[PDB]
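What follows is a set of notes on a single structure, which appears directly below.
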Amino acid sequence: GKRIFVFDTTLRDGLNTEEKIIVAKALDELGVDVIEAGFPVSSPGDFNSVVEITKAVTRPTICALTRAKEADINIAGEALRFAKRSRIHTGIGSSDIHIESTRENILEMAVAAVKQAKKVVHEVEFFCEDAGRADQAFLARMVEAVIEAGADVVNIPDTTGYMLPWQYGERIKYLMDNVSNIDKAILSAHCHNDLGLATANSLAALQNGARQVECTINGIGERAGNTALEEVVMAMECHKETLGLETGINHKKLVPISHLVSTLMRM
Amino acid sequence: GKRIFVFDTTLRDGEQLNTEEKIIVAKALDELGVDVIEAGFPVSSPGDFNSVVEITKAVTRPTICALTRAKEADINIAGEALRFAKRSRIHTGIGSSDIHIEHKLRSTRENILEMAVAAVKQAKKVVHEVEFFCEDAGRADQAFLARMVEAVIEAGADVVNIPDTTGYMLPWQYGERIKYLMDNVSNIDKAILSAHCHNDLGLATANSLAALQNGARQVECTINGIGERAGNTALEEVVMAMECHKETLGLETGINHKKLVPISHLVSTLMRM
């Protein structure tokens with residue numbers, strides 16, 4: 001079967017500097033592939049908690065979030081420095097709405113961000129913010145560019161959280177069929193649940209070529225929350241025969257580990 | 001705009017109530033723009049029976065519906081509880097699976113099992129509308145499921161329910177099950193399929209939409225998605241998803257969105273959950 005990777009972002013949705021380790025461990029044991037440890041540039045405490053995650057947990061690859069700015073990327077690099085398998089996670093707008101202040105040209109100031117990041121960590125995931133509302137041909141150009149720049153994973157979010165399944169699905173497929181190099185890189189889904197269609201949307205992206213799903217336990221999150229890790233994963237498992245995807249998740253420990261995080265973070 | 005009917009079941013499926021409170025939920029449901037609100041299960045007990053009649057006397061705009069076992073006695077009781085209701089509807093049905101008929105209904109086979117045409121004619125004389133669910137339609141032989149729908153409509157059936165009883169169906173899988181029926185049921189024009197999806201995989205809302213994009217013109221749902229197990233399709237969601245895409249789905253309902261949020265917070269509190 002085709003392996004689909006799970007990128008849990010549930011730690012950035014609230015915890016002291018050891019309850020985060022306990023949660024991150026629970027996540028490691030549940031079988032997530034990438035767990036986002038934090039936002040290192042914000043404060044010494046977040047930096048310190050990120051390096052602390054990279055010492056306690058090492059099987060899954062540890063990710064840190066940072067703005068598309070050389071200064072931040074390098075600091076993020078200092079914090080992930082002890083990670084067995086590290087990864088930075090950055091991005092910049094792709095919608096005309098967003099771009100408007102640059103020019104669709106100067107936006108390629110993303111490539112610079114990627115190379116900068118590849119020089120300081122193992123993997124790099126660049127996300128195209130507001131991807132759902134970007135000129136498709138243009139986003140195609142931005143994905144190709146970021147991949148060429150070296151990005152390992154390019155994220156295509158439904159930032160508004162208002163897209164219908166087949167739509168988001170057609171968006172992924174379009175990139176699959178129009179990026180001249182998506183073969184050497186994993187596209188990732190990221191659907192907010194504003195219309196309550198995040199699980200259905202993430203699965204739609206998976207059925208079209210996306211090989212990574214961004215989610216959080218109980219879909220916890222800002223506004224109407226993100227994709228529910230438990231739902232996407234459990235849904236996939238039920239229709240393996242039809243779908244043909246594997247998650248490395250340890251389904252049994254799914255409920256209790258879910259109960260742990262949701263009760264520790266006090267959800 | 002293509003009209004999609006909202007058939008609410010919170011008063012029934014969200015079984016956690018009080019005859020007083022029932023009407024309060026029942027009218028709020030009414031002043032929200034719901035086409036059909038299943039008021040209950042008469043047979044169950046005299047209380048539910050009475051509660052029903054008492055609703056049909058306080059709410060009158062939307063069509064009041066009663067859930068009932070095919071049992072003819074049960075059906076006539078249903079009617080009797082809806083006598084006063086302006087627009088009365090009887091919701092009844094039978095198993096659709098080779099699994100159910102062989103293992104639950106046992107005495108019957110695909111053919112005797114079409115004693116369903118029998119229940120639809122009886123019900124069709126005691127009440128205005130008659131919705132007929134082909135239970136476990138998600139697992140029934142599509143060919144036979146077609147014949148049942150064909151047969152139950154040519155028996156009077158105004159609305160045929162096609163519920164994913166398991167609740168583990170995928171958006172498109174279900175989309176086809178409705179598409180097929182629209183493409184293989186000689187007389188669907190003489191009626192309308194109604195979706196009833198369960199949120200076991202947290203895919204009820206999406207499923208209902210797939211259903212509506214393939215012919216279903218009615219949608220079963222509850223406030224907040226309350227119901228057995230993982231509950232069923234949430235009303236706010238579907239209703240607000242069709243609205244944020246009118247220009248693409250070309251679908252609308254007689255729902256007063258402007259009341260969704262509040263009416264949802266009082267139906268919630270009322271049930272304490």
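By order in the structure tokens, chains are A, B, ...; within a chain, residues start at 1; ligands start at 1, following the order shown.
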
For this session: Return as a ChimeraX atom specification the residues belonging to chain A that are within 12 Å of chain B, counting only C-alpha atoms.
Result: /A:160-167,193-204,207,218-219,227-240,242-243

Exercise. Near stretch 189-196 of chain B, within 6 Å and counting only C-alpha atoms, which residues show up once chain neighbours fewer than 6 positions away are dropped, as a list in words?
Worked result: residues 158, 159, 160, 161, 162, 163, 216, 218, 219 and 220 of chain B

May I have the residues from that selection written out with N, CA, C and O atoms, as a PDB file, in the first residue's frame?
```pdb
ATOM      1  N   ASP B 158     -44.259   8.479  -0.981  1.00  0.00           N
ATOM      2  CA  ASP B 158     -43.928   9.834  -1.387  1.00  0.00           C
ATOM      3  C   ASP B 158     -42.436  10.059  -1.256  1.00  0.00           C
ATOM      4  O   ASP B 158     -41.832  10.729  -2.083  1.00  0.00           O
ATOM      5  N   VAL B 159     -41.851   9.507  -0.196  1.00  0.00           N
ATOM      6  CA  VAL B 159     -40.421   9.653   0.065  1.00  0.00           C
ATOM      7  C   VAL B 159     -39.789   8.312   0.433  1.00  0.00           C
ATOM      8  O   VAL B 159     -40.280   7.607   1.311  1.00  0.00           O
ATOM      9  N   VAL B 160     -38.706   7.963  -0.252  1.00  0.00           N
ATOM     10  CA  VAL B 160     -37.985   6.723   0.019  1.00  0.00           C
ATOM     11  C   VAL B 160     -36.643   7.062   0.684  1.00  0.00           C
ATOM     12  O   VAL B 160     -35.819   7.786   0.116  1.00  0.00           O
ATOM     13  N   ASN B 161     -36.439   6.541   1.893  1.00  0.00           N
ATOM     14  CA  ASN B 161     -35.217   6.782   2.657  1.00  0.00           C
ATOM     15  C   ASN B 161     -34.139   5.772   2.279  1.00  0.00           C
ATOM     16  O   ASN B 161     -34.413   4.580   2.159  1.00  0.00           O
ATOM     17  N   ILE B 162     -32.914   6.251   2.088  1.00  0.00           N
ATOM     18  CA  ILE B 162     -31.794   5.378   1.746  1.00  0.00           C
ATOM     19  C   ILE B 162     -30.669   5.652   2.745  1.00  0.00           C
ATOM     20  O   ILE B 162     -29.665   6.265   2.403  1.00  0.00           O
ATOM     21  N   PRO B 163     -30.819   5.175   3.994  1.00  0.00           N
ATOM     22  CA  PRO B 163     -29.844   5.363   5.074  1.00  0.00           C
ATOM     23  C   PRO B 163     -28.657   4.429   5.141  1.00  0.00           C
ATOM     24  O   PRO B 163     -28.815   3.222   5.028  1.00  0.00           O
ATOM     25  N   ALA B 216     -30.853  13.069  -4.243  1.00  0.00           N
ATOM     26  CA  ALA B 216     -31.574  13.177  -2.980  1.00  0.00           C
ATOM     27  C   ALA B 216     -32.064  14.619  -2.823  1.00  0.00           C
ATOM     28  O   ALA B 216     -31.297  15.556  -3.008  1.00  0.00           O
ATOM     29  N   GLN B 218     -34.203  15.389  -0.074  1.00  0.00           N
ATOM     30  CA  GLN B 218     -34.517  15.502   1.339  1.00  0.00           C
ATOM     31  C   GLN B 218     -33.290  15.054   2.115  1.00  0.00           C
ATOM     32  O   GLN B 218     -32.486  14.255   1.631  1.00  0.00           O
ATOM     33  N   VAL B 219     -33.140  15.587   3.317  1.00  0.00           N
ATOM     34  CA  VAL B 219     -32.012  15.239   4.152  1.00  0.00           C
ATOM     35  C   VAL B 219     -32.468  15.104   5.590  1.00  0.00           C
ATOM     36  O   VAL B 219     -33.065  16.028   6.168  1.00  0.00           O
ATOM     37  N   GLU B 220     -32.183  13.942   6.161  1.00  0.00           N
ATOM     38  CA  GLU B 220     -32.523  13.687   7.544  1.00  0.00           C
ATOM     39  C   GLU B 220     -31.355  14.259   8.334  1.00  0.00           C
ATOM     40  O   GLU B 220     -30.205  14.187   7.895  1.00  0.00           O
TER      41      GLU B 220
END
```

Problem set entry | Those of stretch 11-258 of chain A in DSSP helix (DSSP H, G or I), formatted as a PyMOL selection string | chain A and resi 11-12+19-30+44-56+70-80+96-99+106-108+111-118+131-133+136-149+165-178+182-184+198-208+217-219+229-238+240-243+251-258

Put those residues in a file: C-alpha atoms, as a short mmCIF file (atom, residue, chain, number, x, y, z; two decimals), in the first residue's frame.
```
data_model
loop_
_atom_site.label_atom_id
_atom_site.label_comp_id
_atom_site.auth_asym_id
_atom_site.auth_seq_id
_atom_site.Cartn_x
_atom_site.Cartn_y
_atom_site.Cartn_z
CA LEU A 11 1.20 20.77 20.70
CA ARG A 12 0.62 24.20 19.18
CA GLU A 19 3.68 17.86 29.87
CA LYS A 20 4.63 18.69 26.28
CA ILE A 21 7.21 15.91 26.47
CA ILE A 22 4.63 13.51 27.87
CA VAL A 23 2.20 14.42 25.09
CA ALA A 24 4.89 14.24 22.43
CA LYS A 25 5.82 10.79 23.74
CA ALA A 26 2.19 9.70 23.62
CA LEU A 27 2.17 10.89 20.03
CA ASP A 28 5.41 8.99 19.27
CA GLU A 29 3.90 5.78 20.67
CA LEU A 30 0.68 6.31 18.76
CA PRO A 44 13.48 31.40 25.13
CA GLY A 45 10.88 29.13 26.73
CA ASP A 46 9.58 27.87 23.38
CA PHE A 47 13.12 27.45 22.10
CA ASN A 48 14.05 25.58 25.24
CA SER A 49 10.93 23.40 25.03
CA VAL A 50 11.67 22.54 21.39
CA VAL A 51 15.19 21.28 22.12
CA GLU A 52 13.73 19.44 25.06
CA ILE A 53 11.31 17.59 22.76
CA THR A 54 14.21 16.60 20.45
CA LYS A 55 16.01 14.95 23.35
CA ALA A 56 13.12 13.00 24.82
CA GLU A 70 16.50 33.91 7.42
CA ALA A 71 16.82 35.12 11.02
CA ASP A 72 14.04 32.83 12.31
CA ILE A 73 14.97 29.80 10.22
CA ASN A 74 18.52 29.75 11.66
CA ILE A 75 17.25 30.08 15.23
CA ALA A 76 14.76 27.27 14.50
CA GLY A 77 17.84 25.40 13.27
CA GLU A 78 19.59 25.96 16.60
CA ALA A 79 16.59 24.50 18.43
CA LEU A 80 16.20 21.39 16.30
CA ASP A 96 -3.83 37.38 -4.73
CA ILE A 97 -5.80 38.55 -1.71
CA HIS A 98 -2.75 37.79 0.44
CA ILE A 99 -0.04 39.01 -1.91
CA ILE A 106 8.94 38.78 -5.41
CA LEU A 107 6.77 36.13 -3.80
CA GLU A 108 9.31 33.70 -5.21
CA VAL A 111 12.72 29.79 -2.78
CA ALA A 112 15.21 31.79 -0.73
CA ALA A 113 13.46 30.65 2.42
CA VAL A 114 13.66 27.02 1.39
CA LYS A 115 17.35 26.93 0.50
CA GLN A 116 18.14 28.81 3.71
CA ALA A 117 16.26 26.13 5.64
CA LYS A 118 17.76 23.11 3.81
CA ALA A 131 -3.65 27.79 -1.27
CA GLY A 132 -7.33 27.11 -1.63
CA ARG A 133 -7.86 30.56 -3.12
CA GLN A 136 -4.17 27.35 -9.73
CA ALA A 137 -1.70 27.87 -12.54
CA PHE A 138 0.26 30.24 -10.30
CA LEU A 139 0.25 27.88 -7.29
CA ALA A 140 1.50 25.23 -9.72
CA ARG A 141 4.43 27.52 -10.41
CA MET A 142 5.06 28.10 -6.69
CA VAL A 143 5.02 24.38 -5.88
CA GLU A 144 7.46 23.57 -8.71
CA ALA A 145 9.68 26.39 -7.53
CA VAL A 146 9.71 25.38 -3.88
CA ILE A 147 10.45 21.74 -4.83
CA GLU A 148 13.31 22.82 -7.08
CA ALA A 149 14.56 25.03 -4.24
CA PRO A 165 -14.38 17.73 -0.89
CA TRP A 166 -14.08 17.29 -4.66
CA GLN A 167 -13.00 20.90 -4.93
CA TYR A 168 -10.03 20.53 -2.59
CA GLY A 169 -9.60 17.17 -4.26
CA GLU A 170 -9.44 18.71 -7.73
CA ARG A 171 -6.94 21.22 -6.40
CA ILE A 172 -4.55 18.51 -5.28
CA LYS A 173 -4.97 16.54 -8.51
CA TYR A 174 -4.42 19.65 -10.57
CA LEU A 175 -1.02 20.09 -8.89
CA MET A 176 -0.33 16.41 -9.30
CA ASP A 177 -0.99 16.82 -13.03
CA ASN A 178 0.69 20.20 -13.40
CA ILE A 182 5.83 16.56 -7.68
CA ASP A 183 7.39 13.12 -7.96
CA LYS A 184 10.43 14.15 -5.90
CA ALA A 198 -12.19 18.52 7.25
CA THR A 199 -11.95 14.71 7.53
CA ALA A 200 -13.85 14.33 4.25
CA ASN A 201 -11.54 16.93 2.71
CA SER A 202 -8.25 15.42 3.92
CA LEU A 203 -9.37 12.04 2.52
CA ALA A 204 -10.20 13.83 -0.73
CA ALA A 205 -6.63 15.14 -0.93
CA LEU A 206 -5.31 11.67 -0.18
CA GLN A 207 -7.38 10.11 -2.95
CA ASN A 208 -5.82 12.60 -5.35
CA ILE A 217 -6.13 15.26 18.33
CA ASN A 218 -9.91 15.86 18.41
CA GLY A 219 -9.15 18.33 15.62
CA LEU A 229 -6.21 12.93 13.52
CA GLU A 230 -8.39 10.20 15.03
CA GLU A 231 -11.02 10.57 12.30
CA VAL A 232 -8.80 10.66 9.20
CA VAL A 233 -6.67 7.78 10.48
CA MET A 234 -9.59 5.65 11.60
CA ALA A 235 -11.43 6.34 8.38
CA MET A 236 -8.45 5.25 6.33
CA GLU A 237 -8.07 2.06 8.30
CA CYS A 238 -11.72 1.07 7.69
CA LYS A 240 -7.94 0.15 3.31
CA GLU A 241 -9.15 -2.20 0.57
CA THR A 242 -10.83 0.57 -1.38
CA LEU A 243 -8.33 3.39 -0.69
CA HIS A 251 -4.69 2.02 15.97
CA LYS A 252 -5.19 0.19 19.26
CA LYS A 253 -3.55 2.88 21.37
CA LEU A 254 -5.59 5.44 19.44
CA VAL A 255 -8.44 5.96 21.89
CA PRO A 256 -6.52 6.02 25.20
CA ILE A 257 -3.63 8.15 23.87
CA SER A 258 -6.30 10.46 22.49
#
```

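With only C-alpha atoms as the atoms that count, the minimum distance from residue B:232 to the choices B:265, B:104, B:2, B:198 is reached by B:198.
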
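Note that the spacing between atom CA of residue B:69 and atom CA of residue B:83 amounts to 18.0 Å.
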
Exercise. If you run DSSP on the backbone, which residues of stretch 178-246 of chain A are strand (DSSP E or B), as a PyMOL selection string?
Worked result: chain A and resi 186-189+191+212-216+228+245-246

For this session: May I ask for the distance between atom CA of residue B:55 and atom CA of residue B:5, given in Å to one decimal place?
Result: 20.3 Å
